[PDB]
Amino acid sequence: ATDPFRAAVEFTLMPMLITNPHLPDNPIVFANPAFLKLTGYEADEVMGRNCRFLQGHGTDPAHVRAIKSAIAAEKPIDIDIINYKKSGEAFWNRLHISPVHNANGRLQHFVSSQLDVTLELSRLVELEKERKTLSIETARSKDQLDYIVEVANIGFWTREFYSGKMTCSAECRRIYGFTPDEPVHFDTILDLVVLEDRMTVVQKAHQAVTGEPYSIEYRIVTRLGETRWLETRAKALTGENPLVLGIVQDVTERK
């Protein structure tokens, strides 16, 4: 009864325009509510006007040239172009323009879809470059850490407070009876701690979450039956998943 297509265009989320090439300067003869919502204009502010008003300073002339060419050829076009809201706000317009021809092939109208793709072409790209920057920074900060621990030969370890998972420097591993590449946990260290010392170590390891620095003097018996006297100085980095940092030294020789 009331054209389903007229209503489909009226109620769609897709900003849409219909122009009349037979009228001077191919003006807008229809803009749907979604278009007026995207741009901030009122119907009266866009009718009888060529769609050019969407272009501004940041608009690439090569893009305008491509559109001009396609319209003159009476050929469809898909282009991503910088356009401007009534506010002055720039946005990426994933534009589509299609000619409307009758059965004879007589050009009668032009139709368009204007999809704001700013998230894809601007936010997603800038967030992707922001993480590559942060990815290099982390690798550089790690390289600095690995250098100091190897050159200054520091027995440095990190421990995820809740998980228990550990990382161990080459020196930290040689202090205990560890393999250069074997995975370490607080349990791999506890397995070596002398029975008489086990409770104090579990006790100070739990009070790490406070963030205040501490010291732990304990003995170990290595997997090769060697009794070593250790002195550890630790501090937990507070936050979401606290990371306890510690430097271990083998104080056995002052005996």
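From 1 onward, residues are counted along the sequence shown.
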Checklist outcome for this item: Higher of the two mean Cα B-factors (176-184, 115-123; per PDB record) comes from 176-184
Checklist entry - Going by the B-factors listed in the PDB entry, is the mean over the C-alpha atoms higher for 196-204 or for 25-33? => result 196-204
Checklist entry - Lowest, middle or highest third of the chain for the C-alpha temperature factor of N102? => result highest
Checklist outcome for this item: The third of the chain into which the C-alpha temperature factor of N83 falls is the lowest
Item to check | Modelled-residue ranking by C-alpha temperature factor, third containing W229 | outcome: middle
Next on the checklist: Considering every modelled residue of the chain and its Cα B-factor in the PDB entry, is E212 in the lowest, middle or highest third?
Outcome noted: highest
Item to check | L95 by Cα B-factor - lowest, middle or highest third of the modelled chain | outcome: lowest
